[PDB]
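J.: Can you read through this structure? Questions will come right after.
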Amino acid sequence: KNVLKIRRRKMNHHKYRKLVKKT
Amino acid sequence: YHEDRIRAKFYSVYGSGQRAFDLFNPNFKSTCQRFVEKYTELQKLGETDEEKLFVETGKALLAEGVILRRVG
Amino acid sequence: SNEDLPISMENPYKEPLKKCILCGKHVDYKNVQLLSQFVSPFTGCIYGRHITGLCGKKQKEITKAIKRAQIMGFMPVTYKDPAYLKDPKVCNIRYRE
Amino acid sequence: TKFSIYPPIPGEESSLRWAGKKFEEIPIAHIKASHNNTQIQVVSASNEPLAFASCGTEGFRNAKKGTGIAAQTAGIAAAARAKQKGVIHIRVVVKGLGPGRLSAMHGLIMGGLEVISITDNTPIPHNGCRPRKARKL
Amino acid sequence: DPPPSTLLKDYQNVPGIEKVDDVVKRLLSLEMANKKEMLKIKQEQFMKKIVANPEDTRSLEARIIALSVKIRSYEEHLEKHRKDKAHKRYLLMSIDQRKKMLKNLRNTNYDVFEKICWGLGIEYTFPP
Amino acid sequence: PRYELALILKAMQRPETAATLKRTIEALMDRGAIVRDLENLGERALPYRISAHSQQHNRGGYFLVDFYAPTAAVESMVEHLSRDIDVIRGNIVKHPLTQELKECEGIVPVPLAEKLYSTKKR
Amino acid sequence: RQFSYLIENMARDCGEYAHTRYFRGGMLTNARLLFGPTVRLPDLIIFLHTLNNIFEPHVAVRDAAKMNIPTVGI
Amino acid sequence: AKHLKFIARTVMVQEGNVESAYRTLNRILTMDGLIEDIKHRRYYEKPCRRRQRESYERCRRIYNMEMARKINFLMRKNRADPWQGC
Amino acid sequence: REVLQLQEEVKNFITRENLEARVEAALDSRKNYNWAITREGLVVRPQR
RNA sequence: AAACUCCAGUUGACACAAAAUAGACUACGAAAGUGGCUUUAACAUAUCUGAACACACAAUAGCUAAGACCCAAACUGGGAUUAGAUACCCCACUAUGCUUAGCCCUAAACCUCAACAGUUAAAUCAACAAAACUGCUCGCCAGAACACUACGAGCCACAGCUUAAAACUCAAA
Ligand SMILES: CN[C@@H]1[C@H](O[C@H]2[C@H](O[C@H]3[C@H](O)[C@@H](O)[C@H](NC(=N)N)[C@@H](O)[C@@H]3NC(=N)N)O[C@@H](C)[C@]2(O)C=O)O[C@@H](CO)[C@H](O)[C@H]1O
Ligand code: FES
Ligand SMILES: [K+]
Ligand SMILES: [Mg+2]
Ligand SMILES: [Mg+2]
Ligand SMILES: [Mg+2]
Ligand SMILES: [Mg+2]
Ligand SMILES: [Mg+2]
Ligand SMILES: [Mg+2]
Ligand SMILES: [Mg+2]
Ligand SMILES: [Mg+2]
Ligand SMILES: [Mg+2]
Ligand SMILES: [Mg+2]
Ligand SMILES: [Mg+2]
Ligand SMILES: [Mg+2]
Ligand SMILES: [Mg+2]
Ligand SMILES: [Mg+2]
Ligand SMILES: [Mg+2]
Ligand SMILES: [Mg+2]
């Protein structure tokens, strides 16, 4: 099994937490 | 079989004796089997206890000339 | 019918189950002479059941007793008392060779 | 009699003598085999420093100290300062799994000292302090 | 709370224990025993007081008495060990199992339901 | 219940050792104990150096006190042994003779585990 | 292999055929190529040992059923 | 510290054969496990990593014991072919 | 039966009256709980 | 290389930290989790099932407050590598890890395999993995992505958690 579906949620969450710290 | 209980006790007390088996010979009677035959024959007399029957069977074989050396 | 047929019976030739050396004996924490028989003479490490040959229930009684005697001032930890070095060896372990 | 590998307990009286001295009286050679160095210190039975030598004191630097040739050189240098004070027989107490763990023992034999015993006193905790984190190299 | 001088459940029955030494009666009392020997006497008192047949312990009446003595045991343990979450779950589950016993007993024999609620001091309450 | 007090006294003379034992056994009676016996295991060398009451001990006397007491007397008696200057180390444990040993029939052989993997041609 | 010699002799004695050697894949299911188109296969196969040397069924047991040959086996 | 010195992990030298004493001493520390324990204690081994290593070491033992048990059972059949030619 | 056995034992129990005497007796005797075992399962009591 | 040089080694005294061996054991507990010693208390239920929210719990990290401090150690600082190196390697030090009192309520909380009862026959079974099924019940799911998002509500949570859409888009995932 791969983690290609986990990596999409990994970047989604990272981009969202980085936007909440900016705003 | 019913004689397996008698054999199990003969081997523990006396164990396989000097005499060796001859499996080739279909009509070969071992020392233990001879003990079983006498033990069964004395049961037909009417004795209902193993300990006396077991001890009494040994004495007959000794009288007949059989050698029954204990593990001692 | 026939009388030579076999009968339903438990194995009479079955041999009694094996027992450990300490079966039926009380393992106390004050008997350091018995507890030192299951520890290394150089490091004081407790041996396992593949060396001592004890059962699960008696191997844990020695372990629990050794740990209690060590913290009470009855038994050493880092080594085996030299007094109990000339006692019968029951553990399956040879160092020198 | 026979020969036992176990050290002679002090209390019980024995017949093992070295130059007329009991096992307790023999001086001790404390070897600290580290990963990057090897320190050697010879002391008496009454904890009196007789000799000290290490790879650093013999003119080695950095990664030359964590070798077997530097540990042997420090053993020869500690076996020459203690041999002037009347030391022949010693009890080795090695501490550590470094490169100069056995090489320092050979250097002591190449200095005129006779080893009667080898003791290992490497610090092993029964969990105590937490070591540094594993490295990625 | 049964006095500490009370004899154990087992020993009291034995004949000839009335006339013995005072030291032998103190070793067979509840003072030299654990907390679980005092709970066995509390349960015995309730049964005689409440149930018609004490000998039968598998009845619904007896189980409620046996479980109510454990509930009290946990309340005494949680008055000293406030941060013991393990015994706080054993209490709340035991209070829920006793409510399921009181509901089934109230639906079958309402006569004993009043007897047990009065003897044990249980104010039955309907669920929300 | 029945307890066992493993007592390790300071190496002293007979007059002082008996005064401590009595002073220790009277502390049990004051807390509600029924002392049963007083065994002497002899004076030996300690397995390790014990430091108690600003003193480094290397020898001591081992005494056992079998007794009966209530559960609340153990915590009160463990605090009395910590203040006595002649008591190196003292521990109270449940007597090992109040723990019946279940009879054993012997070691039961364990057969290798079966049917752990499917019978398919991997 | 212990009884290979004995079985081969009996077959010759009774005017019959034997194969106590390594069974090459296709003796039966591919006889036309191996022997020829006009070859006649056995009408009866007698197995004195139905297992091979790695304790598995002989390949001829399965190959004789594919060719609708009746088998006798010990 | 508080124990007696020159008892633990001590080996005496016979006829000036120090090499044999060190080989004997190193064999006592390896059989007891100190050697590998000292090597795993240099860097902290996280619980999850230590639990992953204990399983690997236990599964290797099981396999190696059975593999060895079969090698000793089948070594009787390593003799010469008795039916050479058939 | 347990009660009867206990009733006999309690007499030997230490008391305030006999406390001093018992202490002296303990200081004269010794109890040894040490005993080794062999490979056959036999207890080897210490010769003391 | 930097750092330290009241530094290192021996001996001795000395913890509010952490718990070699045993453990080749396979136990306790609802799970989380639990492996130094002792003692006390103590481990629900005589049908099963039964909740994101009721009730009570819940690793680590983290917040508030007061203490402790061996070691470790995000951040930070220094040294080096490198095209660069806000990294990997070295040193040092802090929050933190500990205790007490409250909070937070998350996890690859995964043995990814619900609870109870039962079977091994028949059509054995797409594949792989940890053989295939039956009965009963609760819970959940219906292309991918947007989306562990937005809004709403609730919560000692105020860069938070829980519950949780749609539009645009693709013909695949
Ligand atoms: C069987 N068809 C396969 C499929 O082709 C598709 C492929 O479709 C693509 C869309 O146009 C594009 O907007 C779309 N782009 C987006 N950003 N959403 C692609 O993701 C999509 N490819 C895909 N799903 N694999 O391109 C389209 C023109 C296509 O030929 C339609 O039938 O995907 C192609 C790979 O993209 C394969 O080469 C084809 O064999
Ligand atoms: S075998 Fe019976 S106790 Fe070990
Ligand atoms: K998992
Ligand atoms: Mg995205
Ligand atoms: Mg520990
Ligand atoms: Mg339920
Ligand atoms: Mg719901
Ligand atoms: Mg949730
Ligand atoms: Mg939590
Ligand atoms: Mg915290
Ligand atoms: Mg630090
Ligand atoms: Mg930098
Ligand atoms: Mg800090
Ligand atoms: Mg988990
Ligand atoms: Mg469920
Ligand atoms: Mg969808
Ligand atoms: Mg989340
Ligand atoms: Mg959200
Ligand atoms: Mg909102």
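We label chains A, B, ... in the order they appear in the structure tokens, count residues from 1 in each chain, and number ligands from 1 in the order shown.
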Hey, what's within 12 Å of residue 26 of chain J if we count only C-alpha atoms (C1' of nucleotides) and toss same-chain stuff fewer than 3 positions away? As a count of residues only, please?
T.: 3
J.: Taking only C-alpha atoms (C1' of nucleotides) and all ligand atoms and a cut-off of 10 Å, can you tell me which residues surround ligand 3, written as a list in words?
T.: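 Using only C-alpha atoms (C1' of nucleotides) and all ligand atoms, everything at most 10 Å from ligand 3 comes to residues 108, 110, 111 and 112 of chain J.
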J.: Report as a ChimeraX atom specification which protein, DNA and RNA residues come within 8 Å of ligand 13, using only C-alpha atoms (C1' of nucleotides) and all ligand atoms.
T.: /J:69,94-96
J.: Atom CA of residue 49 of chain E to atom CA of residue 62 of chain E: how many Å, to one decimal?
T.: 11.5 Å
J.: Mind checking which residues fall within 7 Å of segment 33-47 of chain H, counting only C-alpha atoms (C1' of nucleotides), ignoring those fewer than 4 positions away in the same chain, and posting them as a PyMOL selection string?
T.: (chain D and resi 124+130-134) or (chain H and resi 29+51)
J.: Provide as a PyMOL selection string the residues of chain H at most 7 Å from chain C, counting only C-alpha atoms.
T.: chain H and resi 7-10+24+28
J.: Compute the chain G side of the contact with chain H at 9 Å, counting only C-alpha atoms, and hand it back as a ChimeraX atom specification.
T.: /G:1-5,20-21
J.: Grab me every residue within 8 Å of ligand 18, counting only C-alpha atoms (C1' of nucleotides) and all ligand atoms, and send it over as a list in words.
T.: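 My answer, listing the contacting residues, is residues 148, 149 and 161 of chain J.
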J.: Export, as a PDB file, in the first residue's frame, the selected residues with N, CA, C and O atoms (P, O5', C5', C4', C3', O3' and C1' of nucleotides).
T.:
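Contents of the output file out.pdb:
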```
ATOM      1  P     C J 148      -9.300  17.249   4.007  1.00  0.00           P
ATOM      2  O5'   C J 148      -9.639  18.078   5.322  1.00  0.00           O
ATOM      3  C5'   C J 148     -10.942  18.043   5.880  1.00  0.00           C
ATOM      4  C4'   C J 148     -10.936  17.698   7.345  1.00  0.00           C
ATOM      5  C3'   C J 148     -10.320  18.723   8.278  1.00  0.00           C
ATOM      6  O3'   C J 148     -11.193  19.785   8.594  1.00  0.00           O
ATOM      7  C1'   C J 148      -9.531  16.571   8.836  1.00  0.00           C
ATOM      8  P     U J 149     -10.592  21.176   9.108  1.00  0.00           P
ATOM      9  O5'   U J 149     -10.401  22.023   7.780  1.00  0.00           O
ATOM     10  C5'   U J 149     -10.943  23.324   7.698  1.00  0.00           C
ATOM     11  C4'   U J 149     -11.202  23.747   6.280  1.00  0.00           C
ATOM     12  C3'   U J 149     -12.369  24.695   6.109  1.00  0.00           C
ATOM     13  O3'   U J 149     -12.045  26.033   6.421  1.00  0.00           O
ATOM     14  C1'   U J 149     -12.500  22.983   4.487  1.00  0.00           C
ATOM     15  P     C J 161      -8.457  22.167  15.278  1.00  0.00           P
ATOM     16  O5'   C J 161      -9.347  21.014  15.913  1.00  0.00           O
ATOM     17  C5'   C J 161      -8.793  20.103  16.845  1.00  0.00           C
ATOM     18  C4'   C J 161      -9.824  19.573  17.808  1.00  0.00           C
ATOM     19  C3'   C J 161     -11.089  18.987  17.205  1.00  0.00           C
ATOM     20  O3'   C J 161     -10.944  17.656  16.752  1.00  0.00           O
ATOM     21  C1'   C J 161     -11.664  20.440  18.966  1.00  0.00           C
TER      22        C J 161
END
```
J.: Show me which residues are within 10 Å of ligand 9 counting only C-alpha atoms (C1' of nucleotides) and all ligand atoms, and format the list as number ranges by chain.
T.: J: 32, 57-61, 104-106
J.: Generate a file of the selected residues that holds N, CA and C atoms (P, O5', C5', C4', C3', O3' and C1' of nucleotides), formatted as a PDB file, in the first residue's frame.
T.:
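What landed in selection_12.pdb:
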```pdb
ATOM      1  P     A J  32      -5.242  -0.360  24.368  1.00  0.00           P
ATOM      2  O5'   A J  32      -4.757   1.121  24.692  1.00  0.00           O
ATOM      3  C5'   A J  32      -5.112   2.205  23.852  1.00  0.00           C
ATOM      4  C4'   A J  32      -5.015   3.531  24.559  1.00  0.00           C
ATOM      5  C3'   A J  32      -3.735   3.807  25.337  1.00  0.00           C
ATOM      6  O3'   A J  32      -2.681   4.304  24.533  1.00  0.00           O
ATOM      7  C1'   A J  32      -5.592   4.310  26.690  1.00  0.00           C
ATOM      8  P     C J  57     -14.300  11.229  35.006  1.00  0.00           P
ATOM      9  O5'   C J  57     -13.270  10.086  34.596  1.00  0.00           O
ATOM     10  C5'   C J  57     -12.421  10.239  33.468  1.00  0.00           C
ATOM     11  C4'   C J  57     -12.040   8.913  32.867  1.00  0.00           C
ATOM     12  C3'   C J  57     -10.903   8.930  31.857  1.00  0.00           C
ATOM     13  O3'   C J  57      -9.615   8.921  32.447  1.00  0.00           O
ATOM     14  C1'   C J  57     -12.700   7.693  30.977  1.00  0.00           C
ATOM     15  P     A J  58      -8.562  10.090  32.122  1.00  0.00           P
ATOM     16  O5'   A J  58      -7.830   9.614  30.790  1.00  0.00           O
ATOM     17  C5'   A J  58      -7.647   8.238  30.499  1.00  0.00           C
ATOM     18  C4'   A J  58      -7.467   7.984  29.025  1.00  0.00           C
ATOM     19  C3'   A J  58      -6.726   9.062  28.245  1.00  0.00           C
ATOM     20  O3'   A J  58      -5.323   8.883  28.278  1.00  0.00           O
ATOM     21  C1'   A J  58      -8.734   8.514  27.125  1.00  0.00           C
ATOM     22  P     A J  59      -4.339  10.128  28.493  1.00  0.00           P
ATOM     23  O5'   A J  59      -3.006   9.670  27.757  1.00  0.00           O
ATOM     24  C5'   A J  59      -2.397   8.439  28.104  1.00  0.00           C
ATOM     25  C4'   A J  59      -1.329   8.011  27.130  1.00  0.00           C
ATOM     26  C3'   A J  59      -0.236   9.010  26.808  1.00  0.00           C
ATOM     27  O3'   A J  59       0.756   9.124  27.811  1.00  0.00           O
ATOM     28  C1'   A J  59      -0.971   7.980  24.822  1.00  0.00           C
ATOM     29  P     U J  60       1.155  10.571  28.376  1.00  0.00           P
ATOM     30  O5'   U J  60       1.919  11.277  27.173  1.00  0.00           O
ATOM     31  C5'   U J  60       3.031  10.662  26.544  1.00  0.00           C
ATOM     32  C4'   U J  60       3.305  11.257  25.189  1.00  0.00           C
ATOM     33  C3'   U J  60       3.447  12.768  25.122  1.00  0.00           C
ATOM     34  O3'   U J  60       4.723  13.240  25.502  1.00  0.00           O
ATOM     35  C1'   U J  60       2.029  12.035  23.389  1.00  0.00           C
ATOM     36  P     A J  61       4.857  14.582  26.371  1.00  0.00           P
ATOM     37  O5'   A J  61       4.457  15.741  25.357  1.00  0.00           O
ATOM     38  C5'   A J  61       5.140  15.884  24.123  1.00  0.00           C
ATOM     39  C4'   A J  61       4.407  16.777  23.160  1.00  0.00           C
ATOM     40  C3'   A J  61       3.963  18.134  23.677  1.00  0.00           C
ATOM     41  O3'   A J  61       4.988  19.109  23.684  1.00  0.00           O
ATOM     42  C1'   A J  61       2.167  17.111  22.570  1.00  0.00           C
ATOM     43  P     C J 104     -11.899  21.229  29.358  1.00  0.00           P
ATOM     44  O5'   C J 104     -11.049  21.023  28.025  1.00  0.00           O
ATOM     45  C5'   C J 104     -10.587  22.127  27.262  1.00  0.00           C
ATOM     46  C4'   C J 104      -9.354  21.793  26.458  1.00  0.00           C
ATOM     47  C3'   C J 104      -9.462  20.620  25.493  1.00  0.00           C
ATOM     48  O3'   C J 104     -10.004  20.981  24.234  1.00  0.00           O
ATOM     49  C1'   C J 104      -7.430  20.493  26.734  1.00  0.00           C
ATOM     50  P     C J 105     -11.422  20.414  23.740  1.00  0.00           P
ATOM     51  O5'   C J 105     -11.094  19.009  23.065  1.00  0.00           O
ATOM     52  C5'   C J 105      -9.783  18.674  22.627  1.00  0.00           C
ATOM     53  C4'   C J 105      -9.545  17.187  22.646  1.00  0.00           C
ATOM     54  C3'   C J 105     -10.757  16.328  22.296  1.00  0.00           C
ATOM     55  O3'   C J 105     -10.323  15.115  21.686  1.00  0.00           O
ATOM     56  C1'   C J 105     -10.041  15.781  24.442  1.00  0.00           C
ATOM     57  P     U J 106     -11.259  14.327  20.650  1.00  0.00           P
ATOM     58  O5'   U J 106     -10.293  14.046  19.425  1.00  0.00           O
ATOM     59  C5'   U J 106      -9.819  15.118  18.632  1.00  0.00           C
ATOM     60  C4'   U J 106      -8.330  15.064  18.440  1.00  0.00           C
ATOM     61  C3'   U J 106      -7.752  13.750  17.955  1.00  0.00           C
ATOM     62  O3'   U J 106      -7.906  13.549  16.559  1.00  0.00           O
ATOM     63  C1'   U J 106      -6.421  14.620  19.709  1.00  0.00           C
TER      64        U J 106
END
```
J.: Compile the contact shell of segment 99-102 of chain F as a list in words: residues with an atom at most 9 Å away, counting only C-alpha atoms (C1' of nucleotides), same-chain residues fewer than 2 positions apart removed.
T.: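 The contact residues come out as residues 24, 25 and 26 of chain C; 94, 95, 96, 97 and 104 of chain F.
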J.: Write out, as a CSV table (one decimal), in the first residue's frame, the residues just selected, with N, CA, C and O atoms.
T.:
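The new file out.csv reads:
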```
chain,number,residue,atom,x,y,z
C,24,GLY,N,6.7,-28.7,44.2
C,24,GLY,CA,6.3,-29.1,45.5
C,24,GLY,C,7.1,-28.5,46.7
C,24,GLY,O,6.8,-28.8,47.8
C,25,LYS,N,8.0,-27.6,46.4
C,25,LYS,CA,8.9,-27.0,47.4
C,25,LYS,C,8.5,-25.5,47.5
C,25,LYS,O,8.1,-24.9,46.5
C,26,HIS,N,8.7,-24.9,48.7
C,26,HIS,CA,8.4,-23.5,49.0
C,26,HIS,C,9.6,-22.7,48.7
C,26,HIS,O,10.7,-22.9,49.3
F,94,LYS,N,3.6,-9.8,54.0
F,94,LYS,CA,2.7,-10.9,54.4
F,94,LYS,C,3.4,-12.2,54.5
F,94,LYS,O,4.2,-12.6,53.7
F,95,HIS,N,3.0,-12.9,55.6
F,95,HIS,CA,3.7,-14.1,56.0
F,95,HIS,C,3.6,-15.1,54.8
F,95,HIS,O,2.5,-15.3,54.3
F,96,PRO,N,4.7,-15.7,54.4
F,96,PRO,CA,4.6,-16.7,53.3
F,96,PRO,C,3.9,-18.0,53.7
F,96,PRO,O,3.6,-18.8,52.8
F,97,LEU,N,3.6,-18.2,54.9
F,97,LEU,CA,2.9,-19.4,55.3
F,97,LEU,C,1.4,-19.3,55.3
F,97,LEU,O,0.7,-20.3,55.6
F,104,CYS,N,0.9,-29.2,41.9
F,104,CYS,CA,1.2,-29.3,40.5
F,104,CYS,C,1.3,-30.7,40.1
F,104,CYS,O,1.7,-31.6,40.8
```
J.: Neighbouring residues of ligand 4 are defined here as those with any atom at most 9 Å from a ligand atom, counting only C-alpha atoms (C1' of nucleotides) and all ligand atoms; list them as a PDB file with N, CA and C atoms (P, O5', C5', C4', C3', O3' and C1' of nucleotides), in the first residue's frame.
T.:
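So pocket18.pdb came out as:
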```pdb
ATOM      1  N   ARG A   7      -0.893  11.964   1.588  1.00  0.00           N
ATOM      2  CA  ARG A   7      -0.061  13.111   1.251  1.00  0.00           C
ATOM      3  C   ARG A   7      -0.885  14.296   0.780  1.00  0.00           C
ATOM      4  N   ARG A   8      -2.055  14.037   0.203  1.00  0.00           N
ATOM      5  CA  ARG A   8      -2.941  15.115  -0.206  1.00  0.00           C
ATOM      6  C   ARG A   8      -3.527  15.823   1.003  1.00  0.00           C
ATOM      7  N   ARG A   9      -3.924  15.059   2.017  1.00  0.00           N
ATOM      8  CA  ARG A   9      -4.412  15.639   3.259  1.00  0.00           C
ATOM      9  C   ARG A   9      -3.282  16.277   4.050  1.00  0.00           C
ATOM     10  N   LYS A  10      -2.057  15.797   3.848  1.00  0.00           N
ATOM     11  CA  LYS A  10      -0.893  16.364   4.512  1.00  0.00           C
ATOM     12  C   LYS A  10      -0.628  17.792   4.054  1.00  0.00           C
ATOM     13  N   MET A  11      -0.684  18.034   2.747  1.00  0.00           N
ATOM     14  CA  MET A  11      -0.474  19.372   2.214  1.00  0.00           C
ATOM     15  C   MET A  11      -1.679  20.266   2.417  1.00  0.00           C
ATOM     16  N   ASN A  12      -2.879  19.706   2.318  1.00  0.00           N
ATOM     17  CA  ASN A  12      -4.077  20.484   2.572  1.00  0.00           C
ATOM     18  C   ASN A  12      -4.044  21.059   3.975  1.00  0.00           C
ATOM     19  N   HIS A  13      -3.733  20.213   4.950  1.00  0.00           N
ATOM     20  CA  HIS A  13      -3.676  20.633   6.341  1.00  0.00           C
ATOM     21  C   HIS A  13      -2.530  21.602   6.593  1.00  0.00           C
ATOM     22  N   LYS A  15      -1.186  23.712   4.389  1.00  0.00           N
ATOM     23  CA  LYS A  15      -1.532  24.994   3.796  1.00  0.00           C
ATOM     24  C   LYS A  15      -2.606  25.713   4.596  1.00  0.00           C
TER      25      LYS A  15
ATOM     26  P     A J 145     -11.116  11.796  -2.977  1.00  0.00           P
ATOM     27  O5'   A J 145     -10.794  13.319  -3.314  1.00  0.00           O
ATOM     28  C5'   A J 145      -9.666  13.671  -4.097  1.00  0.00           C
ATOM     29  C4'   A J 145      -9.836  15.009  -4.770  1.00  0.00           C
ATOM     30  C3'   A J 145     -10.275  16.173  -3.894  1.00  0.00           C
ATOM     31  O3'   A J 145      -9.220  16.779  -3.171  1.00  0.00           O
ATOM     32  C1'   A J 145     -11.597  16.129  -5.833  1.00  0.00           C
ATOM     33  P     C J 146      -9.450  17.238  -1.652  1.00  0.00           P
ATOM     34  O5'   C J 146     -10.064  18.703  -1.757  1.00  0.00           O
ATOM     35  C5'   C J 146      -9.710  19.582  -2.812  1.00  0.00           C
ATOM     36  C4'   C J 146     -10.758  20.637  -3.049  1.00  0.00           C
ATOM     37  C3'   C J 146     -11.397  21.244  -1.814  1.00  0.00           C
ATOM     38  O3'   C J 146     -10.609  22.270  -1.238  1.00  0.00           O
ATOM     39  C1'   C J 146     -13.071  20.713  -3.407  1.00  0.00           C
TER      40        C J 146
END
```
J.: Would you list the contacts of segment 82-85 of chain D as a PyMOL selection string, taking every protein, DNA or RNA residue within 6 Å and counting only C-alpha atoms (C1' of nucleotides), but skipping same-chain residues closer than 3 positions in sequence?
T.: chain D and resi 50-51+79
J.: So how far away is atom CA of residue 22 of chain D from atom CA of residue 8 of chain D, in Å?
T.: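 So the answer is 9.1 Å.
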J.: Once DSSP has gone over the backbone, tell me which residues of chain A are in alpha helix (DSSP H), as a ChimeraX atom specification.
T.: /A:4-22
J.: In Å, with one decimal, what is the gap from atom CA of residue 64 of chain H to atom CA of residue 49 of chain H?
T.: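 So the answer is 22.5 Å.
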J.: Could I get the residue neighbourhood of ligand 7 at 8 Å, counting only C-alpha atoms (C1' of nucleotides) and all ligand atoms, as a VMD selection string?
T.: chain J and resid 51 to 52 139
J.: Convert the current residue selection to file output with N, CA, C and O atoms (P, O5', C5', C4', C3', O3' and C1' of nucleotides), as a PDB file, in the first residue's frame.
T.:
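Okay, this is what ended up in selection_31.pdb:
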```pdb
ATOM      1  P     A J  51     -23.839   1.753  21.078  1.00  0.00           P
ATOM      2  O5'   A J  51     -23.876   3.326  20.831  1.00  0.00           O
ATOM      3  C5'   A J  51     -24.769   3.909  19.889  1.00  0.00           C
ATOM      4  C4'   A J  51     -24.855   5.403  20.049  1.00  0.00           C
ATOM      5  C3'   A J  51     -23.550   6.085  20.451  1.00  0.00           C
ATOM      6  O3'   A J  51     -23.514   7.414  19.926  1.00  0.00           O
ATOM      7  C1'   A J  51     -25.166   6.517  22.076  1.00  0.00           C
ATOM      8  P     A J  52     -23.417   7.707  18.349  1.00  0.00           P
ATOM      9  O5'   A J  52     -22.257   8.787  18.252  1.00  0.00           O
ATOM     10  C5'   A J  52     -20.919   8.424  18.547  1.00  0.00           C
ATOM     11  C4'   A J  52     -20.053   9.625  18.804  1.00  0.00           C
ATOM     12  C3'   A J  52     -20.569  10.597  19.850  1.00  0.00           C
ATOM     13  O3'   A J  52     -20.214  10.206  21.165  1.00  0.00           O
ATOM     14  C1'   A J  52     -19.878  11.783  17.915  1.00  0.00           C
ATOM     15  P     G J 139     -28.303   2.350  14.964  1.00  0.00           P
ATOM     16  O5'   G J 139     -26.839   2.857  14.599  1.00  0.00           O
ATOM     17  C5'   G J 139     -25.947   3.340  15.590  1.00  0.00           C
ATOM     18  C4'   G J 139     -24.517   3.316  15.117  1.00  0.00           C
ATOM     19  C3'   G J 139     -24.258   3.802  13.699  1.00  0.00           C
ATOM     20  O3'   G J 139     -24.210   5.210  13.574  1.00  0.00           O
ATOM     21  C1'   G J 139     -23.107   1.784  14.053  1.00  0.00           C
TER      22        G J 139
END
```
J.: Around ligand 5, out to 6 Å and counting only C-alpha atoms (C1' of nucleotides) and all ligand atoms, which residues are there? I want them as a PDB file with N, CA and C atoms (P, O5', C5', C4', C3', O3' and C1' of nucleotides), in the first residue's frame.
T.:
```pdb
ATOM      1  N   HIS D 126      20.601   0.465  35.684  1.00  0.00           N
ATOM      2  CA  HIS D 126      19.365  -0.300  35.757  1.00  0.00           C
ATOM      3  C   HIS D 126      18.267   0.740  35.567  1.00  0.00           C
TER       4      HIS D 126
ATOM      5  P     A J  19      10.793   4.848  33.251  1.00  0.00           P
ATOM      6  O5'   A J  19      11.718   3.575  33.023  1.00  0.00           O
ATOM      7  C5'   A J  19      11.520   2.384  33.777  1.00  0.00           C
ATOM      8  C4'   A J  19      12.819   1.794  34.256  1.00  0.00           C
ATOM      9  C3'   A J  19      12.736   0.356  34.738  1.00  0.00           C
ATOM     10  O3'   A J  19      13.997  -0.284  34.580  1.00  0.00           O
ATOM     11  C1'   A J  19      13.267   1.758  36.560  1.00  0.00           C
ATOM     12  P     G J  36       8.853  -2.204  36.974  1.00  0.00           P
ATOM     13  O5'   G J  36       9.338  -2.943  38.291  1.00  0.00           O
ATOM     14  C5'   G J  36      10.377  -3.903  38.242  1.00  0.00           C
ATOM     15  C4'   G J  36      11.344  -3.719  39.383  1.00  0.00           C
ATOM     16  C3'   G J  36      10.765  -3.863  40.777  1.00  0.00           C
ATOM     17  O3'   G J  36      10.590  -5.206  41.185  1.00  0.00           O
ATOM     18  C1'   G J  36      12.129  -1.943  40.689  1.00  0.00           C
TER      19        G J  36
END
```
